[PDB]
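A.B. asks: what's the 3D shape of this:
(chains A, B, C and D)
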Number of protein chains: 4
Amino acid sequence: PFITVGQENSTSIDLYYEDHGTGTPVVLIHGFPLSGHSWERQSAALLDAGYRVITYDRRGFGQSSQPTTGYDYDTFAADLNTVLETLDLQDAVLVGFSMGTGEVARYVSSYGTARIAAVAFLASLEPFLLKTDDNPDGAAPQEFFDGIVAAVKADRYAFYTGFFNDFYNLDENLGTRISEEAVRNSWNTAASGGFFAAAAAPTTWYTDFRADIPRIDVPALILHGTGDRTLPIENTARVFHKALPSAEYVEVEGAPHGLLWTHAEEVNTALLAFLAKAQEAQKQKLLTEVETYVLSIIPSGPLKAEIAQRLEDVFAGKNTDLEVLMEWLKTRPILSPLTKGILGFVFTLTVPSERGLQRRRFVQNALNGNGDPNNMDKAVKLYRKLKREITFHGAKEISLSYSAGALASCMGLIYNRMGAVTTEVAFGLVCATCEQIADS
Amino acid sequence: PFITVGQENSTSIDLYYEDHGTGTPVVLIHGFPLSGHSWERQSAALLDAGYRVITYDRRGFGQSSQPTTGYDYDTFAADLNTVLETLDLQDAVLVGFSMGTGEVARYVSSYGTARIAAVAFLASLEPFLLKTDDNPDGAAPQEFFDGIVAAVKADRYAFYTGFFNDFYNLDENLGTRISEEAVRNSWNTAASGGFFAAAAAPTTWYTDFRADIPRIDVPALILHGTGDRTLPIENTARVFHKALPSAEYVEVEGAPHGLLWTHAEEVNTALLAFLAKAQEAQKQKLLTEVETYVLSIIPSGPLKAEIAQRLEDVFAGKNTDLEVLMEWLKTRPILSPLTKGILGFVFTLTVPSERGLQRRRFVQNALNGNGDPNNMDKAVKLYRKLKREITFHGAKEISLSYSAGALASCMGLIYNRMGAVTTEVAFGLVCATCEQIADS
Amino acid sequence: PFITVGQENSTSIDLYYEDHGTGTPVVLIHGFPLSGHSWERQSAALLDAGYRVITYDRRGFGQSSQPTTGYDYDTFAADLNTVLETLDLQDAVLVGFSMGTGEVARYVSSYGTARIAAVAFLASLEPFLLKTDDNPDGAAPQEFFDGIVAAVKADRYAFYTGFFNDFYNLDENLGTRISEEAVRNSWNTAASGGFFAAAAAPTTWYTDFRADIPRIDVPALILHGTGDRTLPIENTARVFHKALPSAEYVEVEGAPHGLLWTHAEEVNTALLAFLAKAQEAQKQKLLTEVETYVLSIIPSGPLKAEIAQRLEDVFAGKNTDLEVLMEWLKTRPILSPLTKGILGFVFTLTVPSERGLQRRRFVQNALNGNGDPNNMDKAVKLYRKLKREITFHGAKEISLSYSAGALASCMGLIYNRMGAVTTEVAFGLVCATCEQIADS
Amino acid sequence: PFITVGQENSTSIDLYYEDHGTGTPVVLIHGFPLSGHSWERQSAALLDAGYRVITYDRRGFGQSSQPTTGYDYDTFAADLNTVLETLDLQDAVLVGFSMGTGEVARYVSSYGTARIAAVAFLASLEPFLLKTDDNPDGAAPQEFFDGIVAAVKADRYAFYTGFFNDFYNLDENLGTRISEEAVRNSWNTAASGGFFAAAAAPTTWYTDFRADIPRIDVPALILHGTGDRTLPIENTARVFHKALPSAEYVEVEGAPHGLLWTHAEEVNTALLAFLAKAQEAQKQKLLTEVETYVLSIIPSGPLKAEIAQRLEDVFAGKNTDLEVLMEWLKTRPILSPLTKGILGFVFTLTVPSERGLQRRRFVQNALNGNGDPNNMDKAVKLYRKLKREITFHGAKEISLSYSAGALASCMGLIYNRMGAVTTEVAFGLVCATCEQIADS
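C.D. replies: Numbers count the residues shown, from 1 in each chain, chains lettered A, B, ... in the order given. This is the structure:
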């Protein structure tokens, strides 16, 4: 897949991207001289964990175009911006590794956090690697960077191997943390990046990111390997945390620069922990909106009290015996059969485990649109549109344009697995139904 | 409800009819001076037994028009003909009581048995009640009938009560077999028939039905009350059986003329027994056609042998554990998931008892039309048409005009109870599907 | 008269109904095993009282069709729905007696109260007939109900007799409140209902309506006979009133189940009271609504206060000299010409007596849409639609879709009697106009 | 080149494919973890042999997109379907290697063989990979398969190395059959497939295809290496051939899994043999079909026998002097002018060499549709449709919808080279004509 970010000469600039999974969007920004593919260990864990995963290759790397222009953090941040806006990502998590942490700071700083839920910095450049009279801490003098440039220009090919020696602590980590062949692929990935980008990248490393830091307004994670040869933990990791006290700080004991590949297990653990805090927070707000809509159709009373606890407890994660819950609903005197079907649907959808329970006749009968062909016809039409929706509100908005009979029939269609939509879109459907019924 | 059979003066002649239930059509032809309503005991048992029940009131009686014309068995038979043809009854059972047995003989005799599966004669007129030199047996001389006519013309109202005394053996049966109030209603029903019809009916009683008898080509039942004052068993019941040896003969020990109301339990028993022989015979032919279609999609082999026994055993009525059957199908190596869904559907439909088993996920998934909205759209369209069908072939014919995806989706729709059709129509749907698949 | 509600085999299902009188529509829903004719004592008082009276026979009873299907409250509710929609009843009063009270709760609960002004429950089933471990209230265990079914099978005819005495407390009430002849007619009516219907009705009695009750937003009346054997007052009457405290309650001291025929005087009094009170209750609220809209276009001041004081007085019924009122408006410095036209219109419409006065020149000139043909064209179009609406809000909603010029012209059209609409539809028209003008 | 098969989040899924050569279409479906490029030894022989060659990369491999969805044989079958339908392949040969043999069985089983002439299975998965109590045949228990998955997670890179040796029997085959460089390329190809794809592929290996096998109606080839570690020949190879006895079987003595690159000579021989044999097999059957249609219009006689003897001889390949044949036809007393035109056309079409002869005047005159513009108009319309059909029956079916005049004119159009269609489509045209004429 490609996203066009600009034009050079007669040929556009295209950034290779792959997007995976469903759920809260997590964008991974790779390090030098690798590509989106370097995050495979991170990607597999995020997919299992239930998160949308977006990866892209920075201009000059992996499968993106190889212009001879735009090697700067402003351009790189603008490249990121185009990706975000192209995909209309909201409530996204931005995770940068090495060079990628420069993108995360600069984007947040310049563009703001409206689409952004949280950020994570792994093996960070921050704050400022250039060692200057104004700031003593920065790791190396300018002469040192000038050094690398010269080395890459002399030989990209030997140079990648040299970076690998530094990058992975191969004397320490070979044959242990990772196989050599896996390492060999990384050289192949680097050899595959543009010749111009290879020599121009090292000049972006000593960008001063100190100004950007005060901007971050969203929860952050800082993660560094204490055995980091490439980016000394003290110069950046020690310093950055002091600049952003609030963000949780994790140190990976004796991890080299290449923690994710060498130390993917430690990285995933640390990252998923930090992400879980931001994920569960908006997960609850998803549950809460659903609950008000669901409660709106129930008559006020003690039963409405019992139901609310069930909505809240399963929502909070207490795995309940759906079989027990369903029998209770089924036998409740107060509820209308329609109401019981809606609740029946909600519970099976939200309960942690269905425990292989067969669908319930009381629900199938309640959500069948009176077996009316016109209701069913419209329900099938709605379903088609819902398959294209990805948010709760978009789903709820389109659903409200349908009659209650058609909405109930659509719910039965999903309930019975004759069709499938994402969870949040299903919530929007049942909420539009509740809204229509309550309004009656 | 009315069916127009003719014209008198400026006003048409309309026969009041009510049709009930679903299944093999059973037409009940009442006796004098009552209406279709007199068969309530017969009707309730036939409805529970699962038979379509058609009743109508003979011209001049109950709620039909009261012309001053057409009191003959040719007209009455032609009236019956119009009803049969109006409703397009096929494989019908004709049951006549008293006067109604004249309709059954004359219709069969003149029109043939193409729409007719079996006949039943209760408290029959047959063969010939007129006592003549040519036939000694006939119960009374002409002078006797002439008698009744004269009596009805003098007083319809007293006369009905007199008929009731004879009709029910009230000295024997009052306060025992039936309450007086129920008897009182019968007088009300009679008082409600036309004045002209009341006096003209008795003249049709000594119609010679001997010629008609040789025509009957369908299984018959003859049932008579040995305490029949109104139609002496020997003159008609004894004689008729000799004329039609083949038909089963049942004698209701000490039952009066009004066996059905007085003796509804004995009547129902006897009638349902005779009907069961004719019902089960075409019931099997319904199962057999379904089986060939179902078998046509299974690969030839030992499995196809195991499946056939299941089709045949459940079809023959051996209540099988559907849960056991379904698990077996589910775990069968040979069957395609589609094939297993079709069989899954067939078995749940034909098994005597489902034993409150939840619908199966393997079947729901197999019959979901790939969750495709166009398949579902067409399936809903087919369903609408199928709701209007009442036969296996009509259903199968319309179904074959739909694609396999739409047919499978329609089956899932019925399977999941999102819609409902009659059993034979559902068989036509699954058979059209098998036919389409086999042809592929 | 008949209204078709469905199809049974080859026949339709038709409900016999009667339309009488003019005025606010009152629909009477009879009890078992009687028909719309059983309300004759109530119907006569209502006609005298000036209320349109709609009666119908439930399927299986009196002169309606006698299918062998549809005997459930959902079916009963839907049958009622068809009647309401067929006749386009708005601001209707629904009165149910015994079984009929199940229809009232069901119709209100499922379909809402848009066509409904008030409900009345006489000798009510609710909330629950059944006696279960969950509920103290229920009158009897299931087995007795099953037995009543059983009694019908043995004797519909004979059964009616025992049922009538309990229904009327004949030992207490014969020869005083109720004549033998009156009772005889009731038996005849019952004997005339469908045989299938009589045995299927008793199964609908223990339907659970408790969930249903919370639904109603329209003033209700609960009326029960303290001597009612058929539906024990305390078991149902005490229970229902507790479930719906707001609705007015009347206990008829020592009245049996069959109270209205025996106790027609008490019934009429209670019913006519409830109707007159609920009517004036909605008239006053309706009047208040009109005043805010009318006042919204007037400038704050003494004149506005006068309109406020004057409106309120005529609204409260103080017959004012319209001639004096009109001259005052006409000569008001504060009043806009359009306001005088609007106020002029309002006053002539609401004043008790116009005293044969004349349409004001200013109103004629103020409400002429500037004599513009397009305004007049749209006003005629609006008028057509308004003739179809009996509700203040329906009228106001459709009116707001028209321009002010067209609305003013429409008002002139009504003012000048070139067209006619109900009063509350005329109020909606003048209110839409005020709303449009105020918004400008 | 790419073919889009679906959508994943914001991106489409594109399958990289290659189209080469001309002639009968042969589609090659690669094995894990390689790409369409792995068939290079086979592709070259086929091009020399004169067969169009279609290769594509399964999603997640070589140059196709790398979604995180769709890795199941139903998905694989549907991906293949899109390719076939996109290119409008007819009379195609499907050749699968390892994983690719799952596609061949799945496509044939679900979609049928309408576009398919023959199938070939090399180093096949089928019937069942899994070892279960039900089946002796399965190679391994589930846990080992789960473990292989586990290996991929630990090292995709390092994993490929061990896998390659088993795949190629490198201890046996290195430096002889297979070069180190060739092996290195294979590792590079695998390292290039999607990270998600590598771990998800092994789960599709134990798919059960036994039910699937019964489906095929098209000649098959089964080819296995007796030294194949990856897919034990006896466990799968012995089992599959027993399941499909009719299909030709070849065992490659001591060939590993990776046989074609090592054993390209044996592979080419076997494949080119199967292709040439299956082609002549369908040519002969096709030839026989043409003869019955052609003979159907001739009068019984010596001339008919000559057409029968002559047709058969040219059909069998005896190159006859068309000039001599044409003069004979031309001068035949028995032959109709139309028959000479039809036979004339058939002979020039089927004779091995036309020897630069000329279109017959009689054929030109016999096949001119009487020079009628409407015939010619329809013939041009038919021609357009025929250009789209590569199948004798598809051509014959569409042709039969045209009148004889139009059909004869169309034949003249082709005869005269004013238009061109395939040979088997031309046969369908002349056969539809014969059918129409014979029916007259």
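A.B. asks: residue A:118 belongs to a helix?
C.D. replies: No. Using DSSP: H, G, I helix; E, B strand; the rest coil, the secondary structure at residue A:118 is strand, not a helix.
A.B. asks: contacts made by the strand ranked longest in chain A with the rest, please.
C.D. replies: Secondary structure assigned by DSSP state E gives strand A:11-20 as the longest strand of chain A. Under the criterion C-beta atoms under 8 Å, 6 or more residues apart in numbering or on different chains, residues A:1-7, A:35-36, A:43, A:47, A:52-59, A:62-65, A:67, A:70, A:79, A:82-83, A:87, D:8-11, D:65-68, D:194, D:196 lie in contact with strand A:11-20. Bear in mind the C-beta positions are built from the backbone N, C-alpha and C, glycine included.
A.B. asks: that one: partners in the sheet, and parallel or antiparallel?
C.D. replies: strand A:2-8 (antiparallel), strand A:52-56 (antiparallel) (DSSP bridges).
A.B. asks: between strand A:52-56 and the helix or strand just after it, find me the angle.
C.D. replies: Later in the chain than strand A:11-20, the nearest helix or strand by DSSP states H and E is strand A:25-29. Using axes from the mean of the first three to the mean of the last three C-alpha atoms, to 10 degrees, the inter-axis angle of strand A:25-29 relative to strand A:52-56 is 30 degrees.
A.B. asks: any idea which residue of the stretch 101-250 of chain A lies closest to chain D?
C.D. replies: Among all residues of the stretch 101-250 of chain A, residue A:179 sits closest to chain D, at 3.1 Å; criterion: C-beta to the nearest C-beta.
A.B. asks: now that residue: closest residue in space that isn't a chain neighbour?
C.D. replies: residue D:158 (3.1 Å; C-beta to C-beta, 6 or more residues apart in numbering or on different chains).
A.B. asks: what's the answer for residue A:391, then?
C.D. replies: Nearest residue to residue A:391, sequence neighbours excluded (C-beta to C-beta, 6+ apart): residue A:424, at 6.4 Å.
A.B. asks: burial count for that neighbour?
C.D. replies: Counted with other C-beta atoms under 10 Å in any protein chain shown, residues neighbouring residue A:424 total 20.
A.B. asks: so what touches the strand or helix carrying it?
C.D. replies: In this assignment (DSSP H and E), residue A:424 forms part of helix A:423-439. If you take C-beta under 8 Å, 6+ apart as the criterion, helix A:423-439 is touched by A:286, A:289-290, A:293-294, A:296-297, A:338, A:342, A:345-346, A:349, A:382, A:386, A:389-397, A:399-400, A:402-404, A:407-408, A:410-411, A:414, A:421.
A.B. asks: correct me if wrong: residue A:109 contacts residue A:212.
C.D. replies: Yes. Counting by C-beta atoms under 8 Å, residue A:109 does reach residue A:212; the two are 3.5 Å apart.
A.B. asks: more neighbours, these two?
C.D. replies: residue A:212 (22 against 18).
A.B. asks: residue A:384 - that's part of a helix, no?
C.D. replies: Yes. Counting by three-state DSSP, residue A:384 falls inside a helix.
A.B. asks: thought residue B:375 was touching it, still the case?
C.D. replies: No. Taking C-beta under 8 Å as the definition, residue A:384 is not a contact partner of residue B:375, at 11.7 Å.
A.B. asks: how much space separates residue A:360 from residue B:280?
C.D. replies: 36 Å (C-beta to C-beta, to the nearest Å).
A.B. asks: show me which of these two is the more surrounded one.
C.D. replies: residue A:360 (24 against 10).
A.B. asks: for that one, give me phi and psi.
C.D. replies: phi -90, psi 130 (degrees, to the nearest 10).
A.B. asks: tell me where chain A has strands.
C.D. replies: A:2-8, A:11-20, A:25-29, A:52-56, A:92-97, A:116-122, A:220-225, A:248-252.
A.B. asks: for stretch A:423-436, buried residues please.
C.D. replies: By 16 or more other C-beta atoms under 10 Å in any protein chain shown, the buried positions in stretch A:423-436 come out as A:424-436.
A.B. asks: quick one: those residues as CSV, columns for distance to residue D:240 too.
C.D. replies: Below are the buried residues of stretch A:423-436 laid out as CSV (distance: C-beta to C-beta, whole Å):
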residue, distance to residue D:240
A:424, 46
A:425, 44
A:426, 43
A:427, 48
A:428, 49
A:429, 47
A:430, 49
A:431, 53
A:432, 53
A:433, 52
A:434, 55
A:435, 58
A:436, 57
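A.B. asks: quick revisit: for the residue of the stretch 101-250 of chain A closest to chain D, which residues are in contact?
C.D. replies: D:155, D:157-158, D:161.
A.B. asks: again, but for residue A:39
C.D. replies: A:28, A:30, A:55, A:97, A:260.
A.B. asks: neighbours of the third one, how many?
C.D. replies: When neighbours are defined as other C-beta under 10 Å, residue A:55 has 23 of them.
A.B. asks: same deal with the one 4 residues further on?
C.D. replies: Look at residue A:59: counted by other C-beta under 10 Å, it has 24 neighbours.
A.B. asks: then the one 3 residues further on?
C.D. replies: As a burial measure, the neighbour count of residue A:62 was computed by other C-beta under 10 Å and equals 21.
A.B. asks: so who does it touch?
C.D. replies: By C-beta under 8 Å, 6+ apart, the neighbours of residue A:62 are A:16, A:30, A:34-37, A:189, A:192-193.
A.B. asks: change it to 7 Å
C.D. replies: Taking C-beta atoms under 7 Å, 6 or more residues apart in numbering or on different chains, we find residue A:62 in contact with A:16, A:35-37, A:189, A:192-193.
A.B. asks: with residue A:392 instead?
C.D. replies: A:286, A:424, A:427-428.
A.B. asks: same question, residue A:72
C.D. replies: Here residue A:72 is in contact with residue A:204 (C-beta under 7 Å, 6+ apart).
A.B. asks: try it again with 10 Å
C.D. replies: A:78, A:102, A:106, A:200, A:203-204, A:207 (C-beta atoms under 10 Å, 6 or more residues apart in numbering or on different chains).
A.B. asks: just the buried subset of those, please.
C.D. replies: A:78, A:102, A:106, A:200, A:204, A:207.
A.B. asks: pretty sure residue A:391 sits against residue A:289.
C.D. replies: No. The criterion here is C-beta atoms under 10 Å, and residue A:391 misses it with residue A:289 at 11.8 Å.
A.B. asks: buried set for stretch A:71-89?
C.D. replies: Buried residues in stretch A:71-89 (16+ other C-beta under 10 Å): A:71, A:73, A:75-81, A:83-84, A:87, A:89.
A.B. asks: among these, name the ones in helices.
C.D. replies: In this view, the buried residues of stretch A:71-89 that belong to helices under DSSP state H are A:73, A:75-81, A:83-84, A:87.
A.B. asks: just the closest of those to chain B, please.
C.D. replies: Among these, and counting by C-beta to the nearest C-beta, the member closest to chain B is residue A:87, at 25.6 Å.
A.B. asks: excluding chain neighbours, what is closest to that closest one?
C.D. replies: residue D:10 (4.7 Å).
A.B. asks: dump the residue contacts of that neighbour.
C.D. replies: Per C-beta under 10 Å, 6+ apart, neighbours of residue D:10: A:1, A:3, A:17-19, A:52, A:54, A:83, A:86-89, A:390.
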